[PDB]
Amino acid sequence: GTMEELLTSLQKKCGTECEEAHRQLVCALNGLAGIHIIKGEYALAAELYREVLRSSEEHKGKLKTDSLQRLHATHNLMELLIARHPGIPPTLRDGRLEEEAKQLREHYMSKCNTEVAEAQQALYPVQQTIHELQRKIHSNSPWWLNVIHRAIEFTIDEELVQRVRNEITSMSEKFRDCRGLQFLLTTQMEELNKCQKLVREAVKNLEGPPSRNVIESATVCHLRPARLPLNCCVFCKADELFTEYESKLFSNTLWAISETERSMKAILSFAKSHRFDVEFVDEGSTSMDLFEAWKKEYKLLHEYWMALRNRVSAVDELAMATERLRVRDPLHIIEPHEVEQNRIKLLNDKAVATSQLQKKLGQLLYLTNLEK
């Protein structure tokens, strides 16, 4: 029913509004706490972190609180109780902080870790297909080489060249005759095979939880660069190889067929028209299945590359979530004399979010009370 759908839609939109207003409130409280630590007053900051955790717990039923904001409060409160103690009063909640932080980190990382596992597993069926298909194709004397050869022999090569050219116009200037096509296709197949070996090796060498030199290199390269993105990290270098292989597996202006595959399709079409031995047609058909498998493998290899890249991005997101506001010395950075300007902006942000949250929770309570 569209009415139960309407009530659900109004409740979801309203709940999201409560969630955003609470996110803005908690964000302002954490910022104000970060200033108190910069000033030196560790106790006043601890009260704000404790309020962040208290408010999130109170509203956990009605709305969700960003795990990173809760982790920001939990971790920085733990930092004060491990070192700055006994300046901060103890509470019966202090013992739970370590496990809560670990749970928040685990919950946040769960998606990117599952996506690494799923992207890795997704590659096995297509790779087994590629191994099965390559067993059925002759490497030394391929079907298309023997089709070209017999076409030149019986002087039906002109019809073949015209049929290959018509399929392209639907690097044709790179070959004049059938022998020119033969050598051009040899080079293009060798190039594809070299592109495949390299892209697979590039992916293989990005697997596994990466080292600190890799995390930091990717961060200064494309996550948080000093100015413009560097495009020099192991992931960016691998993507340059993917682009190179894509330009040969597909055509420019990943969906449209390459000129190599188009030529191969036309040679197979010519072989069928001229009623060549079933062996040539079968091998040609297997080559078409192989081009299909290579395109599927490309997409799955790039998704696996993406999953591994995203895991590095997520680890940086975790590190940045716990990072506090620090006054710049000659993001979480404040100018030498903008400390008061930041405090004022945060105090007004808290005031507006407190007001918006009260209004939105009242409307949410109304929508909830219709079902009784």
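The numbering used is simple: start at 1 and walk along the sequence shown.
* Residues with no coordinates between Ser170 and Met171 in the deposited sequence, how many: none, 1 to 3, 4 to 9, or 10 or more? -> The entry has a long gap there, with 10 or more residues left out between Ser170 and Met171.
Between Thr253 and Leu254, what class does the number of missing deposited residues fall in: none, 1 to 3, 4 to 9, or 10 or more? Going from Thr253 to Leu254, the model skips 10 or more residues of the deposited sequence.
Exercise. Would you tell me which stretch averages the higher CA B-factor in the PDB entry, 284 to 292 or 160 to 168?
Key: Averaging CA B-factors over each stretch, the winner is 160 to 168.
For the stretches 135 to 143 and 213 to 221, which has the higher mean C-alpha B-factor as given in the deposited record?
That would be 135 to 143.
If you check the C-alpha B-factor for each of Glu338, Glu51, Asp66, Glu317 in the entry, which is highest? Comparing C-alpha B-factors across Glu338, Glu51, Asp66, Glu317, the maximum falls on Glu338.
Tell me, please, which of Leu71, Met109, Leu230, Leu123 has the highest C-alpha B factor according to the deposited entry?
-> Highest C-alpha B-factor among the listed options: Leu230.
Among the modelled residues of this chain, does the Cα B factor of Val312 put it in the lowest, middle or highest third? For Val312, the deposited C-alpha B-factor lands in the lowest third.
**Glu190 - Cα temperature factor, lowest/middle/highest third of chain** = CA B-factor rank for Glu190: middle third.
| field | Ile82 by Cα B-factor - lowest, middle or highest third of the modelled chain | value | Highest third of the chain for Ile82's C-alpha B-factor.
task: Classify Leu184 as lowest, middle or highest third according to the C-alpha B-factor given in the PDB entry, relative to its own chain.
output: It belongs to the middle third of the chain when residues are ordered by C-alpha B-factor.
- Task: Compare the C-alpha B factor of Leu92 with those of the other modelled residues in its chain, then answer lowest, middle or highest third.
- Result: Within its chain, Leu92 is a middle-third residue by C-alpha B-factor, going by the deposited values.
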